[PDB]
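Only one chain is given next, in structure tokens, and it is the form deposited in one PDB entry.
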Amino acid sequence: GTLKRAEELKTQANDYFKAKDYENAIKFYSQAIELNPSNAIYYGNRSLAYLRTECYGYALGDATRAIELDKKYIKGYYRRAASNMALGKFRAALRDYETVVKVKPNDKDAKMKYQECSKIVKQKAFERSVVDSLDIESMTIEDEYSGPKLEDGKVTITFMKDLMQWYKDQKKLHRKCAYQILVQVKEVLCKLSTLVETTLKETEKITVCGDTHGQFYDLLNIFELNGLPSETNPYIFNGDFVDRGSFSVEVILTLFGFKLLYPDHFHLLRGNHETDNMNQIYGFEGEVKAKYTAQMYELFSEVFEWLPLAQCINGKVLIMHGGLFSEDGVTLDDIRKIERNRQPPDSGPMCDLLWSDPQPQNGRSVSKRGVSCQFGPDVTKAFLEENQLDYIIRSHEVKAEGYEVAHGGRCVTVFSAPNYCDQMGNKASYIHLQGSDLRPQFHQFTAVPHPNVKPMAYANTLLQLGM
């Protein structure tokens, strides 16, 4: 049976799915969908696996197919909403939750889902600089606060070593200090150019890390295994400092600490999760609001807008979070000229730097995440050789080994978040480069125990089916 063979595959895809092997779930769903392209559940199941792998575009596309095949398939609306919700398209999500409430539930759909999504549309709807409404010495520190403070308004190593111990014991930095770091780090960032250029002389090294996503205790592990950062042991962190993991405030503040302390040897590049759109959805906004205030968060939003988009070492190896572009003939000079200080456009070189992905085959296709593009080896080569560059480094995608090398070694991916979301079982990796040898050495590391906190504990209840 063609149809029975397909159901055989489907059952196998559910098995992979319930044990977090989403890449194989997707493959054995697509095999089933090939044998039978006309079953809404197959499209619903796969949509969820795409959702859990952050492929919101393909997730949306499959959910649509499921709904069309079966107007009464309720999980279709749930997963299409979850997909639009994942891109923060909450109006379009509402209209699906709406469609389920009038198939007559007084359910978890009715008063929970539809109502809470409507609240988010509404809170969105409400919406000078926020640096203004701030007063430094007006804020004041208590008799009973036994925590880290700035030494005469500046960051020091004693401060940073105290900060991490404080955070290791699940304790909060005092807000005046937090505001002090953000006010200054915005000052440092807004001076820089969209494209940052470092020289790594003859004998110098540099450690390039990928996504960290608020897994603070893995950020320490990195620092405990590869040593603390300095002007002799520089680091680059390639976006996605926050969201998903529930210690994102701990991560971002320590990364902002070292950046003020070593402005020429610690570099932060903007990721797609350094953005209001993603922060409101995947935990960071909630975490900042829970531990500080909405004003602190709006400050965080402003400082991220000044985060540089790419980094070019020695005119040879270029670095971004996402990847390369929707259009040919993009150079390093083009990147330098981007007016970064804002939220990224729905399409463009700014959008691409934060969002795009490599694909094996030549040319371009609309991205599986529903934003930017997938770009082939020919697009990578044409770009790299137009700028006499050797190879790019990027992150953005989770790898089971912690890294991957592709496009015939012209496109490298590095990922620094092990056991991603406490579930993927992946290893993580960081890269050693050097001036004499502009070439990657991949160290891999495993996850380290943390306090009993679910990932996305500060995020809305409505993207929990998409975890």
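Rigid core: the largest C-alpha set superposing within 1.5 Å between the two forms. One-based numbering along the sequence shown.
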Chain break class at residue 127/residue 128 - deposited residues not modelled: 4 to 9
Higher-scoring stretch by recorded Cα B factor average, 336 to 344 or 266 to 274: 336 to 344
Per the entry, higher mean C-alpha B factor between 409 to 417 and 435 to 443: 435 to 443
Top Cα B factor in the deposited entry, candidates 84, 226, 387, 372: 387
Per the PDB entry, maximal CA B factor within 289, 205, 79, 368: 205
Residue 9 CA temperature factor, ranked by third within the chain: middle
Residue 243 by Cα B-factor - lowest, middle or highest third of the modelled chain: lowest
Lowest, middle or highest third - CA B-factor, residue 115: highest
CA B-factor ranking of residue 449, expressed as a third of its chain: highest
Record-listed C-alpha B factor of residue 73: chain third: middle
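Heads up, the form deposited in another entry isn't pictured, but that's what we're talking about next.
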Displaced position between this form and the one not shown, chosen from 369, 340, 113, 259 (C-alpha, 2 Å or more, rigid core): 113
Residue 164 C-alpha relocation of at least 2 Å between this form and the one not shown, rigid core basis: no
Displaced residue check between this form and the one not shown: residue 147, CA, 2 Å or over, core reference: no
C-alpha of residue 381 off by 2 Å or more between this form and the one not shown on rigid core: no
